[PDB]
Peer 1: 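Sharing a structure below in structure tokens format, with a few things to ask.
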Amino acid sequence: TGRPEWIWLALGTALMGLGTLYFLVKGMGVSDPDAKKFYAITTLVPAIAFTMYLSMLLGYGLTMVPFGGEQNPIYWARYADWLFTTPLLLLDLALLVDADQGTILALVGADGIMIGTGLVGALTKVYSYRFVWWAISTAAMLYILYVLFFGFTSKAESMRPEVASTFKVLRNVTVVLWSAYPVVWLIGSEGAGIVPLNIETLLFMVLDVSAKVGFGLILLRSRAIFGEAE
Amino acid sequence: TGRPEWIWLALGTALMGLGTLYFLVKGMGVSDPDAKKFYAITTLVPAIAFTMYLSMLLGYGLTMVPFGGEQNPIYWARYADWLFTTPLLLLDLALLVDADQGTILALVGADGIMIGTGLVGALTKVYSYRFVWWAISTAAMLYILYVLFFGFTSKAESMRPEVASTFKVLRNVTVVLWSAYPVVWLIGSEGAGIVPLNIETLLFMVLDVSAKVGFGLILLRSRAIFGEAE
Amino acid sequence: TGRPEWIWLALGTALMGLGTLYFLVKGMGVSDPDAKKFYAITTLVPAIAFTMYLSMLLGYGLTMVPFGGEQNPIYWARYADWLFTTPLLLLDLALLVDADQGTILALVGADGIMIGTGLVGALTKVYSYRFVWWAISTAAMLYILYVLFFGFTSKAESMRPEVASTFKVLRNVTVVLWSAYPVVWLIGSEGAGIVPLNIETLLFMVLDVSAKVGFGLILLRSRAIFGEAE
Ligand SMILES: CCCCCCCC/C=C/CCCCCCCC(=O)OC[C@H](O)CO
Ligand SMILES: CCCCCCCC/C=C/CCCCCCCC(=O)OC[C@H](O)CO
Ligand SMILES: CCCCCCCC/C=C/CCCCCCCC(=O)OC[C@H](O)CO
Ligand SMILES: CCCCCCCC/C=C\CCCCCCCC(=O)OC[C@H](O)CO
Ligand SMILES: CCCCCCCC/C=C\CCCCCCCC(=O)OC[C@H](O)CO
Ligand SMILES: CCCCCCCC/C=C\CCCCCCCC(=O)OC[C@H](O)CO
Ligand SMILES: CCCCCCCC/C=C\CCCCCCCC(=O)OC[C@H](O)CO
Ligand SMILES: CCCCCCCC/C=C\CCCCCCCC(=O)OC[C@H](O)CO
Ligand SMILES: CCCCCCCC/C=C\CCCCCCCC(=O)OC[C@H](O)CO
Ligand SMILES: CCCCCCCC/C=C\CCCCCCCC(=O)OC[C@H](O)CO
Ligand SMILES: CCCCCCCC/C=C\CCCCCCCC(=O)OC[C@H](O)CO
Ligand SMILES: CCCCCCCC/C=C\CCCCCCCC(=O)OC[C@H](O)CO
Ligand SMILES: *C/C=C(C)/C=C/C=C(C)/C=C/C1=C(C)CCCC1(C)C
Ligand SMILES: *C/C=C(C)/C=C/C=C(C)/C=C/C1=C(C)CCCC1(C)C
Ligand SMILES: *C/C=C(C)/C=C/C=C(C)/C=C/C1=C(C)CCCC1(C)C
């Protein structure tokens, strides 16, 4: 296709589809009701991302937004994907540590604010205001990272050791990979425009696959997704 | 009005409103907390559909999509309706058989993918890609039908006989009526264009009323929506 | 800015942000899992409203709708806010009285219909049909007010006295403040156009702050959000 970033869109589509199929086959026959929840959540994540990468590849998930005196290609389908997948990923972590309901709602709600204000910033036509929305979205992300570190890490250690070990790995993966997102947005085509769109698409593709399929490979091999039973 | 399909839009509006009012009156005074859930879910279904049929009748729920070198009328409000009503209908069936939480999330999530990719296909301006989205949506539907047949039918029979009997009827109604949807889309105005819009609207109106009000009449007369009590 | 209503948008933004920060600090260290739910729900409400007032202030949340032969400024972001905040506020009340699940779903679903049909009415280009949607939305509101009065008031009194006392106050605040919304819409710029936009914005700002921050100040000072414990 005529968009140089097409190659990373095609690769992302393929890797999300492959991950979906792997998790779907691996989940076959699992009967433990706890493991069933984790397989359900964790297979839905790359299946959603598959459909939204495909929409970017085929050009449906792309729009033009006028700012800085130019017509800037903005892939809006990223936010339609992240609105559903990022809370599912926090639900995997919260169910692992058996978080209380109030904390789960705070996490999902702040996550909604993070994605929603990112979309508004991506579509805003006054250049300087784009970064106002970026800051509010980044502040919601910091709230989430704080809860994951100074709320979840304390319940985990009071839990099954294999639960504590798998949570600490997935938490560390989550904090590292999620913190890169606001940086890429800020220096790429949605923000300051220093990194061109084709490289930004590569970077997001590496992050998206790692945070969904990589995350899922660590979780679904773990013993912590099963009840303790004889 | 000047659209020949208006007559089926008006009839669908009337029948969804009548069904809503019937279920609402029938549910009055019910105090069993289990029956309350089923009345809540099952009355909300035609009330949503009422509002979205009304929006198609009045022309709000209609847009023009250019493909095949023509401006094609696409009723987008069908997908805004189905996004909310189809998971509610699966929730009626899953609560009947007391499905586990993981399975419920898999069903609702695949249902979301089915409707979401149907909307993308309905709005896509490259003709051949419309059928790519149709295929992905149909594959999510098959996943749902498989779960309903080779997961739910096995828990039901281990349940109350009246639960097993009412589930098997509603399952059979669900599988038959839901399988017709991808066929109508494919041969009507969203797809190959063999059946004209006014007949497609009739067919959908027959399906929508049967799958919501007919489904609801069978369920809410049943004894399975009540706890077993003296 | 050049819109005379800007001053009430700026004041609303400031008061929602201040309320969010107050509730967030006040909630720090709370460990009771019940109180955690109420703090979670009640802090998310003004945080959402903050982001949507900011979008109206900066002009993102505004669109032009042609009706009555004019281009009418319609702030659509009000409905994106209310779609999420109004069910959260009903969830605060329902958890207080420990409502059954069926009733909670009926409330949230009717609330969804109320906001959804209000948005359709706000965006409808045939003037007389705007009031059809207003009537359907008002009928869903009456259903909600009826449940709050002839379902919730009866469970409350069978509960902890401090639960019964705090619910009755918050119910009365809710019924009074929520009933004003359909009146303002009808006589302001979305409806008959008797009250100009800058005054309508003031009225909504007074209502929104009272129904969210005022509501939240009454609830989160109360003893009813905590479990009874020694
Ligand atoms: C897991 C095993 C695989 C590991 C792989 C990890 C890759 C992740 C990072 C990629 C950034 C690549 C950056 C490529 C930059 C090229 C941009 C370019 O062409 O810059 C010149 C410009 O045209 C004028 O200055
Ligand atoms: C419950 C009791 C009621 C039962 C009712 C069940 C009806 C369901 C099916 C309807 C399809 C009707 C198809 C009508 C086809 C007419 C199309 C037509 O005019 O075709 C000629 C065309 O103009 C040139 O070939
Ligand atoms: C909590 C302590 C503070 C209490 C505060 C409560 C205020 C709520 C009501 C405000 C309505 C104000 C209405 C202002 C009307 C002025 C409109 C105007 O200018 O009308 C003349 C017009 O130009 C030609 O007739
Ligand atoms: C000027 C001030 C502007 C306003 C600030 C920016 C608003 C958006 C940013 C972050 C969301 C903050 C988190 C919202 C959710 C709070 C959750 C909560 O309070 O949870 C308590 C519970 O006890 C825990 O387990
Ligand atoms: C427990 C549930 C908690 C739920 C928490 C959710 C938080 C979402 C809050 C704010 C973002 C709203 C973003 C809305 C952006 C809409 C953009 C859009 O549709 O734009 C259309 C068009 O391009 C221009 O009019
Ligand atoms: C825990 C994770 C926290 C995540 C949040 C971290 C945000 C701040 C980081 C970097 C901003 C660096 C400055 C970027 C702005 C550069 C502006 C500019 O014009 O730069 C010129 C350019 O370098 C040549 O042309
Ligand atoms: C090329 C490959 C493309 C990718 C395939 C097409 C994607 C969309 C289609 C179907 C959704 C499939 C179902 C998604 C949800 C899976 C649920 C699950 O795994 O549930 C396990 C649980 O144990 C059960 O009770
Ligand atoms: C447990 C929760 C699970 C939730 C599972 C949800 C699955 C949805 C996934 C993909 C479809 C996304 C479809 C998005 C289509 C948007 C179309 C649109 O708004 O188009 C606007 C405009 O016409 C053009 O830019
Ligand atoms: C369990 C339910 C499964 C649901 C999924 C079943 C999908 C396949 C079924 C029918 C496709 C039949 C072929 C349709 C394509 C016809 C193309 C065409 O141009 O036909 C010419 C026309 O007949 C004259 O002009
Ligand atoms: C012409 C007739 C048109 C149709 C009427 C207007 C439709 C929209 C208005 C109101 C929603 C009504 C409430 C919908 C939800 C009903 C909930 C229910 O039935 O709940 C039973 C449960 O037992 C309780 O706890
Ligand atoms: C338990 C869950 C229950 C959930 C209950 C939800 C009830 C919502 C029902 C109907 C309103 C639908 C309103 C849809 C309005 C869309 C307006 C829009 O997006 O318009 C785009 C554009 O301006 C023009 O095409
Ligand atoms: C419990 C809460 C219930 C909430 C629902 C209550 C709705 C009815 C109330 C008021 C309508 C009054 C009539 C408004 C219509 C006036 C039309 C008009 O043109 O008025 C001329 C104007 O007064 C000079 O120019
Ligand atoms: C599957 C992909 C994942 C894990 C998505 C993560 C997304 C974020 C952490 C995005 C955050 C953003 C900000 C904090 C600033 C504004 C732009 C966003 C939405 C990219
Ligand atoms: C109330 C109406 C009901 C039960 C709606 C059912 C809808 C479907 C089963 C739709 C499925 C579709 C496909 C599987 C292919 C693409 C087009 C759709 C969305 C009609
Ligand atoms: C935070 C703000 C609150 C509590 C919002 C309340 C909103 C309503 C009660 C709105 C109801 C409406 C109608 C009943 C008629 C049509 C217009 C609406 C949506 C304003």
Side-chain angles (χ1 to χ4, degrees), chain A residues 1 6 9-25 27-28 39-62 75-85 88 205 208-209 212-213 216, chain B residues 65 67-68 72 74 76 78-84 86-87 90 105-148 175 178-192 204:
Chain A
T1 240
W6 82 264
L9 298 177
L11 189 44
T13 299
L15 291 171
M16 294 301 184
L18 280 28
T20 300
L21 292 169
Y22 183 70
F23 295 155
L24 188 65
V25 180
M28 280 195 75
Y39 270 94
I41 291 161
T42 304
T43 303
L44 273 173
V45 169
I48 293 164
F50 167 77
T51 70
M52 290 301 93
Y53 259 86
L54 184 60
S55 83
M56 295 191 280
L57 181 56
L58 304 180
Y60 184 87
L62 173 60
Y75 282 101
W76 57 267
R78 304 204 185 277
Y79 307 88
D81 162 347
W82 296 342
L83 166 61
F84 296 108
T85 53
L88 286 172
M205 189 263 277
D208 294 330
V209 172
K212 302 184 172 58
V213 182
Chain B
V65 182
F67 65 80
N72 304 275
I74 295 300
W76 57 267
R78 304 204 185 277
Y79 307 88
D81 162 347
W82 296 342
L83 166 61
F84 296 108
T86 55
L90 300 176
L105 179 62
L107 280 173
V108 171
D111 189 281
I113 293 169
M114 177 181 70
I115 303 303
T117 61
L119 179 54
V120 173
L123 295 179
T124 282
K125 306 187 212 207
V126 177
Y127 185 71
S128 70
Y129 295 165
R130 297 179 71 84
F131 301 97
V132 177
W133 295 110
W134 177 91
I136 294 159
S137 176
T138 300
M141 191 196 66
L142 291 166
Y143 177 79
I144 290 169
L145 302 189
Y146 179 87
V147 165
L148 283 189
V175 165
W178 285 42
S179 298
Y181 279 81
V183 183
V184 177
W185 196 102
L186 177 64
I187 68 174
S189 63
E190 295 92 4
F204 271 140

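In what follows, chains carry the letters A, B, and so on, assigned in the order in which the sequence lines appear, proteins first and then strands, with residues in each chain numbered from 1. All values below were derived from every heavy atom in this structure, side-chain atoms included, with hydrogens, water molecules and symmetry-related copies excluded.
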Peer 1: Could you check if a side-chain atom of B:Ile113 sits within less than 4.5 angstrom of a side-chain atom of A:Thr51, using non-hydrogen atoms only?
Peer 2: yes
Peer 1: Do B:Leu90 and B:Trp178 have side chains that approach each other closer than 4.5 Å (heavy atoms only, starting at C-beta)?
Peer 2: yes
Peer 1: Can you find a heavy atom in the side chain of A:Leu24 that is under 4.5 Å from one in the side chain of A:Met28?
Peer 2: no
Peer 1: For the CD1 atom of B:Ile115 and the OG atom of B:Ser137, what is their distance to the nearest 0.5 Å?
Peer 2: 6.5 Å
Peer 1: Any sub-3.5 Å donor-acceptor pair from B:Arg130's side-chain atoms to B:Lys125's backbone N or O?
Peer 2: no
Peer 1: Does the pair A:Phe84 and A:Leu44 meet the rule for a side-chain contact (heavy atoms from CB on, under 4.5 Å), with working shown?
Peer 2: CA-CA 10 Å; A:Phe84 296 108; A:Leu44 273 173; over 6 Å; no
Peer 1: Can you confirm whether A:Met16 sits close enough to A:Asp81 that some side-chain heavy atom of one is under 4.5 Å from a side-chain heavy atom of the other?
Peer 2: no
Peer 1: Between B:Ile136 and A:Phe50, is any pair of side-chain heavy atoms under 4.5 Å apart?
Peer 2: yes
Peer 1: For the aromatic rings, using the six-membered ring if either is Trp, is the centroid distance between A:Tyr79 and A:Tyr75 under 6.0 Å?
Peer 2: no
Peer 1: side-chain contact (heavy atoms from CB on, under 4.5 Å) between A:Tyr60 and A:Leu54: does it pass, once the steps are laid out?
Peer 2: CA-CA 9 Å; A:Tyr60 184 87; A:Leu54 184 60; over 6 Å; no
Peer 1: Measuring only between side-chain heavy atoms, which start at C-beta, is A:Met56 closer than 4.5 Å to A:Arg78?
Peer 2: yes
Peer 1: Any side-chain heavy-atom pair from A:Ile48 and A:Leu88 closer than 4.5 angstrom?
Peer 2: yes
Peer 1: Test side-chain contact (heavy atoms from CB on, under 4.5 Å) on B:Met141 and B:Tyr146 and set out the steps.
Peer 2: CA-CA 9 Å; B:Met141 191 196 66; B:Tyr146 179 87; over 6 Å; no
Peer 1: With side-chain contact (heavy atoms from CB on, under 4.5 Å) as the criterion, how do B:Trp133 and A:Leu58 come out once you've worked through the C-alpha distance, each side chain's angles and the decisive distance to 0.1 Å?
Peer 2: CA-CA 11 Å; B:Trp133 295 110; A:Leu58 304 180; 3.9 Å; yes
Peer 1: Check whether more than 12 heavy atoms from other residues, nucleotides or ligands sit under 6.0 Å from atom CH2 of A:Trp6, and answer yes or no.
Peer 2: no
Peer 1: Name the residue from B:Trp134, B:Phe67, B:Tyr129 that meets the side chain to side chain contact (heavy atoms under 4.5 Å, CB included) definition with B:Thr124.
Peer 2: B:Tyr129
Peer 1: Calculate, to the nearest 0.5 Å, the distance between atoms CG and OG belonging to A:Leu9 and A:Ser55 respectively.
Peer 2: 9.5 Å
Peer 1: Using the benzene-type ring in the case of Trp, are the ring centres of B:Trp82 and B:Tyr181 under 6.0 Å apart?
Peer 2: yes
